[PDB]
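Have a look at data.cif; it's mmCIF, C-alpha atoms:
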```cif
data_target
loop_
_atom_site.label_atom_id
_atom_site.label_comp_id
_atom_site.auth_asym_id
_atom_site.auth_seq_id
_atom_site.Cartn_x
_atom_site.Cartn_y
_atom_site.Cartn_z
CA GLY A 1 -48.86 49.40 -56.17
CA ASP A 2 -50.55 52.67 -54.97
CA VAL A 3 -48.85 54.42 -52.07
CA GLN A 4 -52.04 56.43 -51.42
CA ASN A 5 -54.19 53.31 -51.11
CA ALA A 6 -52.97 52.31 -47.70
CA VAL A 7 -55.19 49.31 -47.18
CA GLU A 8 -53.49 47.38 -49.96
CA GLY A 9 -50.32 45.59 -49.14
CA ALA A 10 -47.84 42.97 -50.24
CA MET A 11 -46.49 40.31 -47.87
CA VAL A 12 -42.91 39.46 -48.71
CA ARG A 13 -41.00 37.26 -46.31
CA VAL A 14 -37.29 36.72 -45.93
CA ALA A 15 -35.34 33.92 -47.67
CA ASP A 16 -35.19 30.39 -46.35
CA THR A 17 -32.11 28.35 -45.70
CA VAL A 18 -31.87 25.52 -48.11
CA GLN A 19 -29.94 22.44 -47.01
CA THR A 20 -26.45 22.10 -48.43
CA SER A 21 -24.39 18.92 -48.71
CA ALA A 22 -20.62 18.49 -49.09
CA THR A 23 -19.08 19.43 -52.47
CA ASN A 24 -15.94 18.95 -54.53
CA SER A 25 -16.29 20.70 -57.88
CA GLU A 26 -15.44 23.29 -60.48
CA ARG A 27 -18.11 25.75 -59.51
CA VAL A 28 -16.98 28.65 -57.34
CA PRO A 29 -19.83 30.70 -55.76
CA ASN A 30 -17.57 32.58 -53.39
CA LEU A 31 -14.79 33.49 -55.84
CA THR A 32 -15.66 36.64 -57.75
CA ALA A 33 -14.47 40.15 -58.79
CA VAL A 34 -15.40 43.31 -56.77
CA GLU A 35 -14.15 45.47 -59.69
CA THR A 36 -17.31 44.59 -61.60
CA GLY A 37 -19.40 46.85 -59.41
CA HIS A 38 -21.49 43.83 -58.42
CA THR A 39 -22.41 42.64 -54.87
CA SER A 40 -21.94 38.86 -54.18
CA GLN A 41 -25.36 37.14 -53.97
CA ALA A 42 -23.89 34.37 -51.86
CA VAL A 43 -25.93 32.50 -49.33
CA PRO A 44 -24.27 30.52 -46.41
CA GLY A 45 -25.05 27.24 -48.18
CA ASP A 46 -22.41 28.09 -50.84
CA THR A 47 -19.62 27.99 -48.27
CA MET A 48 -20.92 25.67 -45.53
CA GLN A 49 -23.24 22.73 -45.43
CA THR A 50 -26.38 24.27 -44.04
CA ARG A 51 -29.60 22.80 -42.64
CA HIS A 52 -33.13 23.64 -43.81
CA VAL A 53 -34.48 26.72 -42.01
CA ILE A 54 -37.83 28.34 -42.78
CA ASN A 55 -37.47 32.12 -42.35
CA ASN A 56 -40.92 33.58 -41.63
CA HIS A 57 -39.28 36.89 -40.82
CA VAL A 58 -40.58 39.86 -42.80
CA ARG A 59 -38.78 43.15 -43.66
CA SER A 60 -41.62 45.15 -42.18
CA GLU A 61 -40.25 48.17 -40.28
CA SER A 62 -37.49 48.79 -42.83
CA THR A 63 -40.06 49.71 -45.52
CA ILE A 64 -39.49 53.41 -46.62
CA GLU A 65 -42.95 54.20 -45.30
CA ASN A 66 -42.54 52.55 -41.83
CA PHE A 67 -39.11 54.17 -41.56
CA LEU A 68 -40.21 57.74 -42.48
CA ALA A 69 -43.85 57.62 -41.33
CA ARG A 70 -43.21 58.29 -37.67
CA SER A 71 -44.05 61.87 -36.69
CA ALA A 72 -40.94 63.94 -36.00
CA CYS A 73 -40.39 67.49 -34.66
CA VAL A 74 -38.94 69.81 -37.31
CA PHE A 75 -39.01 73.16 -35.53
CA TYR A 76 -40.47 75.16 -32.68
CA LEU A 77 -41.44 78.77 -32.58
CA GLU A 78 -42.29 81.29 -29.79
CA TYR A 79 -44.79 84.22 -29.30
CA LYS A 80 -46.25 86.38 -26.48
CA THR A 81 -49.72 87.71 -25.81
CA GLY A 82 -49.58 91.41 -26.94
CA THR A 83 -50.53 94.57 -28.87
CA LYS A 84 -49.71 95.91 -32.37
CA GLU A 85 -46.78 97.68 -30.70
CA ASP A 86 -45.29 94.41 -29.49
CA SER A 87 -43.08 92.79 -32.20
CA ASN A 88 -42.99 89.58 -30.16
CA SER A 89 -46.80 89.25 -30.09
CA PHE A 90 -46.69 87.09 -33.21
CA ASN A 91 -44.10 84.98 -35.14
CA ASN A 92 -43.25 83.03 -38.34
CA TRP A 93 -41.39 80.08 -39.78
CA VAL A 94 -40.09 79.54 -43.29
CA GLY B 1 -46.81 -11.98 -17.66
CA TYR B 2 -45.40 -8.37 -17.51
CA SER B 3 -45.66 -6.98 -13.89
CA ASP B 4 -45.83 -3.13 -14.27
CA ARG B 5 -43.32 -2.87 -11.40
CA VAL B 6 -40.54 -4.18 -13.62
CA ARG B 7 -38.82 -1.97 -16.18
CA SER B 8 -35.90 -2.03 -18.57
CA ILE B 9 -34.56 1.13 -20.24
CA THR B 10 -31.95 0.96 -23.02
CA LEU B 11 -30.25 3.91 -24.56
CA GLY B 12 -26.97 3.68 -26.49
CA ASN B 13 -24.63 1.03 -24.93
CA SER B 14 -26.63 1.34 -21.69
CA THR B 15 -29.42 -0.60 -19.98
CA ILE B 16 -30.89 0.18 -16.58
CA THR B 17 -33.10 -2.38 -14.88
CA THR B 18 -35.56 -1.89 -12.04
CA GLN B 19 -37.87 -4.36 -10.38
CA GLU B 20 -39.79 -1.80 -8.30
CA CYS B 21 -40.71 1.25 -10.34
CA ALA B 22 -43.83 3.41 -10.20
CA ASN B 23 -44.47 4.14 -13.91
CA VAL B 24 -42.39 6.85 -15.67
CA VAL B 25 -43.16 10.57 -15.94
CA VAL B 26 -42.86 12.12 -19.41
CA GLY B 27 -42.29 15.80 -18.67
CA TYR B 28 -45.35 17.88 -19.51
CA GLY B 29 -46.71 15.06 -21.66
CA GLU B 30 -43.94 15.46 -24.25
CA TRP B 31 -41.40 12.89 -25.37
CA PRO B 32 -38.06 14.39 -26.56
CA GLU B 33 -37.40 14.96 -30.25
CA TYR B 34 -35.13 16.89 -32.63
CA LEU B 35 -35.41 20.58 -33.61
CA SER B 36 -37.57 20.96 -36.67
CA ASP B 37 -37.01 23.02 -39.81
CA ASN B 38 -39.89 25.36 -38.84
CA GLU B 39 -38.61 26.12 -35.36
CA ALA B 40 -34.95 26.38 -36.29
CA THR B 41 -32.83 29.55 -36.47
CA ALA B 42 -29.15 28.60 -36.56
CA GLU B 43 -28.56 27.98 -40.27
CA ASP B 44 -25.62 25.58 -40.00
CA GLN B 45 -25.98 21.74 -40.19
CA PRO B 46 -26.37 20.24 -36.69
CA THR B 47 -24.14 17.45 -35.51
CA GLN B 48 -26.19 14.68 -33.96
CA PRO B 49 -23.84 12.13 -32.28
CA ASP B 50 -26.75 9.78 -31.39
CA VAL B 51 -25.48 6.73 -29.36
CA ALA B 52 -22.18 8.45 -28.46
CA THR B 53 -23.92 11.27 -26.64
CA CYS B 54 -27.34 9.84 -25.91
CA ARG B 55 -26.48 7.19 -23.31
CA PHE B 56 -26.62 6.56 -19.50
CA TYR B 57 -24.24 8.69 -17.47
CA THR B 58 -24.09 7.79 -13.74
CA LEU B 59 -23.20 10.94 -11.77
CA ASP B 60 -21.48 10.95 -8.32
CA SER B 61 -23.99 9.33 -5.94
CA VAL B 62 -24.88 10.81 -2.61
CA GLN B 63 -25.62 9.18 0.80
CA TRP B 64 -29.14 9.47 2.28
CA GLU B 65 -29.07 9.95 6.04
CA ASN B 66 -31.87 10.44 8.63
CA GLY B 67 -31.23 14.16 9.07
CA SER B 68 -29.90 14.93 5.54
CA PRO B 69 -31.88 17.95 4.15
CA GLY B 70 -31.65 17.44 0.36
CA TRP B 71 -29.74 17.67 -2.93
CA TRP B 72 -29.70 19.39 -6.33
CA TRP B 73 -27.94 18.97 -9.64
CA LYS B 74 -27.97 21.32 -12.65
CA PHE B 75 -28.52 20.36 -16.30
CA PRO B 76 -26.91 20.29 -18.83
CA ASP B 77 -23.98 21.48 -16.65
CA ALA B 78 -23.81 18.27 -14.49
CA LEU B 79 -22.96 16.45 -17.68
CA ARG B 80 -20.14 18.91 -18.69
CA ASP B 81 -17.66 16.12 -17.96
CA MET B 82 -19.66 13.09 -19.04
CA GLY B 83 -17.88 11.56 -22.00
CA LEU B 84 -18.62 12.73 -25.54
CA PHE B 85 -21.74 14.66 -24.45
CA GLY B 86 -19.36 16.89 -22.44
CA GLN B 87 -16.98 17.24 -25.44
CA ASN B 88 -19.78 18.21 -27.81
CA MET B 89 -21.04 20.69 -25.25
CA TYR B 90 -17.46 22.03 -24.99
CA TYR B 91 -16.86 22.51 -28.75
CA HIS B 92 -20.25 24.03 -29.64
CA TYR B 93 -21.78 27.46 -28.99
CA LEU B 94 -25.28 25.96 -29.13
CA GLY B 95 -26.71 22.69 -27.94
CA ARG B 96 -30.13 21.10 -27.54
CA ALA B 97 -31.34 17.91 -25.81
CA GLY B 98 -34.01 16.21 -23.73
CA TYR B 99 -33.11 13.67 -20.94
CA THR B 100 -34.08 10.37 -19.28
CA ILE B 101 -33.44 10.97 -15.59
CA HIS B 102 -33.16 7.85 -13.44
CA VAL B 103 -32.79 8.18 -9.70
CA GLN B 104 -31.90 5.01 -7.80
CA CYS B 105 -32.38 4.25 -4.08
CA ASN B 106 -32.88 0.81 -2.48
CA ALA B 107 -33.30 -0.08 1.23
CA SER B 108 -35.58 -2.89 2.73
CA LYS B 109 -39.10 -3.71 3.98
CA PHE B 110 -37.81 -2.72 7.45
CA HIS B 111 -36.46 0.67 6.36
CA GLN B 112 -38.68 3.76 5.97
CA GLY B 113 -38.38 7.19 4.34
CA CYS B 114 -39.60 9.23 1.38
CA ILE B 115 -37.89 11.53 -1.11
CA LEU B 116 -39.29 13.92 -3.69
CA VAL B 117 -37.54 13.56 -7.04
CA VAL B 118 -38.25 16.62 -9.25
CA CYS B 119 -37.12 18.30 -12.47
CA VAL B 120 -37.60 22.05 -12.06
CA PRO B 121 -37.23 24.12 -15.33
CA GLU B 122 -35.46 27.52 -14.89
CA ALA B 123 -34.94 27.06 -11.10
CA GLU B 124 -33.29 30.44 -10.60
CA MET B 125 -31.98 30.42 -7.07
CA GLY B 126 -31.71 33.24 -4.57
CA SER B 127 -28.56 34.57 -2.85
CA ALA B 128 -28.42 33.74 0.90
CA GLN B 129 -27.13 37.24 1.51
CA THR B 130 -30.21 39.06 0.07
CA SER B 131 -28.14 42.22 -0.32
CA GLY B 132 -25.54 40.46 -2.50
CA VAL B 133 -25.36 38.27 -5.60
CA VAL B 134 -24.80 34.50 -5.84
CA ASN B 135 -21.99 32.86 -7.93
CA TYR B 136 -21.42 29.68 -10.09
CA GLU B 137 -19.38 27.60 -7.63
CA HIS B 138 -22.24 27.99 -5.10
CA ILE B 139 -24.84 27.21 -7.79
CA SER B 140 -23.32 24.02 -9.26
CA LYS B 141 -20.56 21.47 -8.60
CA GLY B 142 -21.12 19.90 -12.03
CA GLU B 143 -21.73 16.19 -11.45
CA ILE B 144 -21.49 16.52 -7.67
CA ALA B 145 -24.59 17.07 -5.58
CA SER B 146 -25.09 20.57 -4.24
CA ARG B 147 -26.76 20.23 -0.83
CA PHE B 148 -29.84 21.91 0.56
CA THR B 149 -29.47 23.45 4.02
CA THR B 150 -31.46 23.11 7.23
CA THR B 151 -29.45 26.14 8.37
CA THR B 152 -30.66 29.62 7.31
CA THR B 153 -27.18 31.04 6.31
CA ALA B 154 -24.06 30.46 4.13
CA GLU B 155 -20.56 31.55 2.95
CA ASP B 156 -19.99 34.51 0.54
CA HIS B 157 -22.30 34.34 -2.52
CA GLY B 158 -23.76 31.00 -1.50
CA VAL B 159 -27.39 30.24 -2.46
CA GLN B 160 -30.08 30.41 0.29
CA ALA B 161 -30.51 26.59 0.27
CA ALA B 162 -33.01 26.47 3.22
CA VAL B 163 -35.05 23.41 2.24
CA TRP B 164 -38.63 24.49 3.06
CA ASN B 165 -38.27 27.37 0.54
CA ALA B 166 -36.49 25.19 -2.08
CA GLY B 167 -33.64 27.71 -2.64
CA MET B 168 -36.06 29.96 -4.55
CA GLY B 169 -38.57 31.83 -2.30
CA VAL B 170 -41.50 29.40 -2.66
CA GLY B 171 -43.22 26.62 -0.67
CA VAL B 172 -41.26 23.32 -1.19
CA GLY B 173 -44.59 21.44 -0.82
CA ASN B 174 -45.73 23.06 -4.07
CA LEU B 175 -42.68 21.82 -6.12
CA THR B 176 -44.97 19.02 -7.25
CA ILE B 177 -46.27 21.29 -10.10
CA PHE B 178 -43.00 20.44 -11.94
CA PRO B 179 -42.38 16.94 -13.51
CA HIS B 180 -41.83 14.70 -10.51
CA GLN B 181 -41.91 11.32 -8.81
CA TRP B 182 -41.35 10.09 -5.23
CA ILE B 183 -39.14 7.27 -3.96
CA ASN B 184 -41.03 6.13 -0.94
CA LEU B 185 -38.93 3.21 0.38
CA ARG B 186 -42.06 1.18 1.14
CA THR B 187 -43.25 1.41 -2.46
CA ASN B 188 -40.36 1.71 -4.91
CA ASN B 189 -36.57 1.60 -5.44
CA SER B 190 -36.34 4.08 -8.28
CA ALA B 191 -37.71 7.13 -10.06
CA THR B 192 -37.73 7.92 -13.80
CA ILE B 193 -38.51 11.28 -15.38
CA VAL B 194 -38.21 11.80 -19.17
CA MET B 195 -37.69 15.56 -19.51
CA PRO B 196 -38.29 17.34 -22.89
CA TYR B 197 -36.28 20.40 -23.96
CA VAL B 198 -38.21 23.09 -22.06
CA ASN B 199 -37.01 26.58 -22.97
CA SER B 200 -38.09 29.91 -24.55
CA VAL B 201 -35.68 29.60 -27.47
CA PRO B 202 -34.86 26.68 -29.91
CA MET B 203 -31.26 26.04 -28.87
CA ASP B 204 -29.10 27.60 -26.14
CA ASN B 205 -25.52 27.63 -24.84
CA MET B 206 -24.76 24.51 -22.78
CA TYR B 207 -22.71 26.32 -20.12
CA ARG B 208 -24.39 29.73 -19.58
CA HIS B 209 -27.86 28.32 -19.14
CA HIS B 210 -28.87 25.76 -16.56
CA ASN B 211 -32.10 24.72 -18.30
CA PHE B 212 -33.40 22.82 -15.31
CA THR B 213 -32.46 21.60 -11.87
CA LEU B 214 -32.89 18.12 -10.44
CA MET B 215 -33.98 18.43 -6.80
CA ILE B 216 -34.08 15.40 -4.48
CA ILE B 217 -35.73 16.43 -1.21
CA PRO B 218 -36.56 14.03 1.71
CA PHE B 219 -40.13 14.88 2.86
CA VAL B 220 -40.24 11.93 5.25
CA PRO B 221 -36.80 11.37 6.93
CA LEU B 222 -34.79 8.20 6.39
CA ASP B 223 -35.27 5.78 9.26
CA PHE B 224 -34.66 2.23 10.40
CA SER B 225 -33.91 0.59 13.74
CA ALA B 226 -31.60 -1.57 15.89
CA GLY B 227 -28.70 -2.73 13.76
CA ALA B 228 -30.41 -2.73 10.33
CA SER B 229 -27.94 -1.34 7.67
CA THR B 230 -26.96 2.25 8.09
CA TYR B 231 -25.61 3.10 4.66
CA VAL B 232 -28.27 3.78 2.05
CA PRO B 233 -27.17 5.84 -1.00
CA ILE B 234 -29.13 7.67 -3.70
CA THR B 235 -27.64 7.33 -7.21
CA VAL B 236 -28.58 9.55 -10.13
CA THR B 237 -28.00 8.22 -13.62
CA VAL B 238 -29.06 10.35 -16.59
CA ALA B 239 -29.20 9.86 -20.35
CA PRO B 240 -29.34 12.68 -22.96
CA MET B 241 -31.99 12.19 -25.66
CA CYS B 242 -32.27 13.72 -29.16
CA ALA B 243 -29.10 15.70 -28.67
CA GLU B 244 -27.95 18.03 -31.39
CA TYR B 245 -25.37 20.76 -31.62
CA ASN B 246 -24.84 23.91 -33.68
CA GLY B 247 -22.01 26.45 -34.07
CA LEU B 248 -18.66 24.67 -33.92
CA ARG B 249 -15.34 26.25 -33.12
CA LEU B 250 -12.49 25.71 -30.59
CA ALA B 251 -12.52 24.24 -27.03
CA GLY B 252 -14.94 26.51 -25.12
CA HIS B 253 -15.21 28.46 -21.85
CA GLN B 254 -13.59 31.86 -22.60
#
```
What is this file in C-alpha cells?
Amino acid sequence: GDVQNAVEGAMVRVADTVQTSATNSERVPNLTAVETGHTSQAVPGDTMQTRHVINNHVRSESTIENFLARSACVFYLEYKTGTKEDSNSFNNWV
Amino acid sequence: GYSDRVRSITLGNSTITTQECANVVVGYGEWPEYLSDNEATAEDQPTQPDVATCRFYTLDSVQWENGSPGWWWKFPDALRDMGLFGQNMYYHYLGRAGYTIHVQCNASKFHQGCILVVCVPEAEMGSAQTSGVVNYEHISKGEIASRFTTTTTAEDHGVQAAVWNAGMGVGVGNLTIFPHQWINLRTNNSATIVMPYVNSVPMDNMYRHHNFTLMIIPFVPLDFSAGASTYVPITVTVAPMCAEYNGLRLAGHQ
C-alpha cells in the first residue's frame, strides 16, 4: 500500500457472527494455555450457540493515520514588538 | 358469501370473532416479522416461543360512560403480567415483537357515541407540574387503564392527562396521523390495529421502554335514553406477534 498516495484505500469490515448449534464433543476451543504467549482467537460461537449477524462495522477511526492525523498543539512561544536592545523582541523553540 | 363486516382472527390457542368490523389497520403498511440477520446486533441465539407468547391476552376492561374522558395503556409493559409473554419479558434483557390490538365495544342501534382507538409510537408524556418530573406509577398501571383527565391538574408527578392535548402538548384531533381506527357505535363493535415493531433500534428492553401507547379517546360522548342499558364496557384484547428475545439471565427488574 502507499501511505503517501492518500486516494487509495482498502475497505476491511469487521467479522460476522456465524450461527452456532449445540455441541457435545472432544474439541475444546476455550481451553488453552496462556503460558504459550498466545492470545485466544475465540469467537462467542465457541462457547454459546449464536445467531447469524452480519457486521458491516469497519475499524475506520482506529487506523494509525486517523488516530494520529488530527492536528495537535505541541508548544507555544511568546515575543514582544521591540528593538535590538530588547531581548524579548524575538524568541525560539527547539 | 363473505360479508366484509365479519372477521375471525386466530393466533395461538386464541380466536376472536366480530360481526361488525371496519377492516383492519396494518400499522404503517407493515405486517410484523422477525429480526433479520442484516439488521441484528445481539449475537446470541434468540428464543422464539411462538404460540406460547404470541396469543390473545385480554387486559382489564374499562367502563365507557357519557362523561368519561379517555384511557391509555402502555406496551409492552401492559403485558408484563400476561402469561409466558410476561415471563420471557422478565427473564430477558432484550425483547422484540409486533402486536394485533383488538378493542371491543358493543351497544345497540339505539345507543350513540364514538371513540378514537389509536396506537401512538413513542408517546412521551408531559408532567402535570411543568416544573417537576413525572414517574412510572403515574405513567402506567400495567394492564389497567390509565385515565385521561378533563381536569387540568394532578397529584405529585402525575402526567398532564388533559384530553384535548392528549397528555403530550399537541392537538388530540391530530392523533389520527398514528395507526388508528374509530368505534362509532352506529357503525361497528370493534377495532383492530396490527402494529409492527416501530423503533430506532433492532431490539430493546421490555421494561425501560414503552414502545407505544394505546389511547382510547371518546370524541363523541356515549349516549342513550330512557331506560336503555346503562353499562357499556370497552375491552382491550391484544396478541403479541413475531416475538423474540435475546440476552437471558435471572428474574429481572433490579
- Query: What does the PyMOL selection byres ((chain A) within 8 of (chain B)) select in this file, as an NGL selection string?
  - Reply: :A and (17 or 19 or 44 or 48-55)
Give me the residues near residue 196 in chain B as an mmCIF file with C-alpha atoms, in the frame of the given file, where near means some atom within 7 Å (using only C-alpha atoms) and where sequence neighbours in that chain fewer than 4 positions away do not count.
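What landed in result_26.cif:
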```cif
data_model
loop_
_atom_site.group_PDB
_atom_site.id
_atom_site.type_symbol
_atom_site.label_atom_id
_atom_site.label_comp_id
_atom_site.auth_asym_id
_atom_site.auth_seq_id
_atom_site.Cartn_x
_atom_site.Cartn_y
_atom_site.Cartn_z
ATOM 1 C CA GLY B 27 -42.290 15.800 -18.670
ATOM 2 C CA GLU B 30 -43.940 15.460 -24.250
ATOM 3 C CA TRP B 31 -41.400 12.890 -25.370
ATOM 4 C CA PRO B 32 -38.060 14.390 -26.560
ATOM 5 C CA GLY B 98 -34.010 16.210 -23.730
ATOM 6 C CA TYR B 99 -33.110 13.670 -20.940
#
```
- Item | Long-range neighbours of range 11-15 of chain A as a PyMOL selection string, 6 Å cut-off, all atoms listed in the file, 4 positions minimum in chain | chain A and resi 55-58
- Selected by the PyMOL selection byres ((chain B and resi 253) around 10) in the shown coordinates: which residues, as a VMD selection string? chain B and resid 90 to 91 93 207 to 208 250 to 252 254
- Identify all residues satisfying the PyMOL selection byres ((chain B and resi 21) around 12) in the given file; provide them as a PyMOL selection string. chain B and resi 3-9+16-20+22-25+102-106+181-193
- Could you tell me how far CA of residue 47 in chain A lies from CA of residue 29 in chain A, in Å and to one decimal?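 CA of residue 29 in chain A lies 8.0 Å from CA of residue 47 in chain A.
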- Å distance separating CA of residue 159 in chain B from CA of residue 135 in chain B, one decimal place: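 Those two atoms sit 8.1 Å apart.
Taking CA of residue 195 in chain B and CA of residue 28 in chain B as the two end points, the separation is 8.0 Å.
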- Item | For range 125-127 of chain B: contacts at 8 Å, all atoms listed in the file, fewer than 4 positions along chain excluded, given as a VMD selection string | chain B and resid 132 to 134 139 157 to 160 167 to 169
- Task: Go through A:10, A:24, A:74, A:35 one by one, measure the shortest atom-to-atom distance of each to residue 94 in chain A using only C-alpha atoms, and give the residue with the smallest value.
- Result: A:74
Would you mind putting N, CA and C atoms back on range 62-75 of chain A and writing the result as a PDB file, in the coordinates of the input?
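Output below, filename out.pdb:
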```
ATOM      1  N   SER A  62     -38.485  48.173 -41.972  1.00  0.00           N
ATOM      2  CA  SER A  62     -37.490  48.790 -42.830  1.00  0.00           C
ATOM      3  C   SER A  62     -38.032  49.289 -44.165  1.00  0.00           C
ATOM      4  N   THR A  63     -39.314  49.096 -44.429  1.00  0.00           N
ATOM      5  CA  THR A  63     -40.060  49.710 -45.520  1.00  0.00           C
ATOM      6  C   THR A  63     -39.863  51.214 -45.558  1.00  0.00           C
ATOM      7  N   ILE A  64     -39.703  51.945 -46.672  1.00  0.00           N
ATOM      8  CA  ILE A  64     -39.490  53.410 -46.620  1.00  0.00           C
ATOM      9  C   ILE A  64     -40.576  54.109 -45.829  1.00  0.00           C
ATOM     10  N   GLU A  65     -41.813  53.705 -46.065  1.00  0.00           N
ATOM     11  CA  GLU A  65     -42.950  54.200 -45.300  1.00  0.00           C
ATOM     12  C   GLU A  65     -42.793  53.953 -43.818  1.00  0.00           C
ATOM     13  N   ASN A  66     -42.726  52.744 -43.266  1.00  0.00           N
ATOM     14  CA  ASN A  66     -42.540  52.550 -41.830  1.00  0.00           C
ATOM     15  C   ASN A  66     -41.340  53.268 -41.210  1.00  0.00           C
ATOM     16  N   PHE A  67     -40.273  53.403 -41.974  1.00  0.00           N
ATOM     17  CA  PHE A  67     -39.110  54.170 -41.560  1.00  0.00           C
ATOM     18  C   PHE A  67     -39.380  55.668 -41.485  1.00  0.00           C
ATOM     19  N   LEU A  68     -39.934  56.307 -42.492  1.00  0.00           N
ATOM     20  CA  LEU A  68     -40.210  57.740 -42.480  1.00  0.00           C
ATOM     21  C   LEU A  68     -41.518  58.181 -41.843  1.00  0.00           C
ATOM     22  N   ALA A  69     -42.527  57.325 -41.852  1.00  0.00           N
ATOM     23  CA  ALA A  69     -43.850  57.620 -41.330  1.00  0.00           C
ATOM     24  C   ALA A  69     -44.026  57.534 -39.824  1.00  0.00           C
ATOM     25  N   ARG A  70     -43.097  58.128 -39.099  1.00  0.00           N
ATOM     26  CA  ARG A  70     -43.210  58.290 -37.670  1.00  0.00           C
ATOM     27  C   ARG A  70     -43.036  59.785 -37.448  1.00  0.00           C
ATOM     28  N   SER A  71     -44.023  60.423 -36.841  1.00  0.00           N
ATOM     29  CA  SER A  71     -44.050  61.870 -36.690  1.00  0.00           C
ATOM     30  C   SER A  71     -42.971  62.568 -35.875  1.00  0.00           C
ATOM     31  N   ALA A  72     -42.073  63.227 -36.586  1.00  0.00           N
ATOM     32  CA  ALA A  72     -40.940  63.940 -36.000  1.00  0.00           C
ATOM     33  C   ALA A  72     -41.018  65.454 -35.829  1.00  0.00           C
ATOM     34  N   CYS A  73     -40.432  66.034 -34.789  1.00  0.00           N
ATOM     35  CA  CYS A  73     -40.390  67.490 -34.660  1.00  0.00           C
ATOM     36  C   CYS A  73     -39.404  68.147 -35.617  1.00  0.00           C
ATOM     37  N   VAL A  74     -39.843  69.111 -36.406  1.00  0.00           N
ATOM     38  CA  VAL A  74     -38.940  69.810 -37.310  1.00  0.00           C
ATOM     39  C   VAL A  74     -38.477  71.200 -36.894  1.00  0.00           C
ATOM     40  N   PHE A  75     -39.261  71.815 -36.015  1.00  0.00           N
ATOM     41  CA  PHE A  75     -39.010  73.160 -35.530  1.00  0.00           C
ATOM     42  C   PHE A  75     -39.982  73.639 -34.461  1.00  0.00           C
TER      43      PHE A  75
END
```
